[PDB]
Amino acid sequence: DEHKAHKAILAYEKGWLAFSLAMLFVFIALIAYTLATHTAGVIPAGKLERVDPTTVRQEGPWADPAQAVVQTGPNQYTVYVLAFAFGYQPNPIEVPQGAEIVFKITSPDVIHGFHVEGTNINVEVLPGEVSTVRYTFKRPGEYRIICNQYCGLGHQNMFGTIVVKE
């Protein structure tokens, strides 16, 4: 008693540890899996792409909202989005379902979130940097963009729209 319980516990402890680590490694495998699939496109680009937040809507790919969407591949469309103090440009964003949409988002003021309700697109938008994420819509419709990073008093009203054409 007490010294008997000591050995037992310490014994099942080692078992519990071996099991736990095993379950963790399985998770590590299932995560590796996702990184090999098409779903891993939502992982922000790793390379640094600097830009000036004070001249973003004056000169460059984000200057003219009309040239936001641009076919860069047979089925690839690059959308230059601009998340700003309480809104998204262009609004709405119009793209074709089934095509690989490569978003390149930046901000002219503070940090914003870019969360496309219904998808895995969830990337932070930083002033002076370009957030590059790839995604392929498989269902047409109006997907709503929600800002999930506090950016000021109008933050709760910062929404955007993406129209994937059938």
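Numbering starts at 1 and follows the sequence shown.
Here 1 to 9 and 156 to 164 are compared by their mean Cα B-factor, and 1 to 9 comes out higher. The PDB entry records a higher mean C-alpha B factor for 96 to 104 than for its counterpart among 96 to 104 and 120 to 128.
Residue-level temperature factors show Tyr80 in the middle third of its chain, judged at the C-alpha atom. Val69 sits in the highest third of its chain by CA B factor, as recorded in the PDB entry.
When the modelled residues of the chain are ordered by C-alpha B-factor, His115 sits in the lowest third.
Among the modelled residues of its chain, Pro44 has a C-alpha B-factor that falls in the lowest third, as given in the PDB entry. Per the deposited record, the Cα B-factor of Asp109 falls in the lowest third when ranked against the other modelled residues of its chain.
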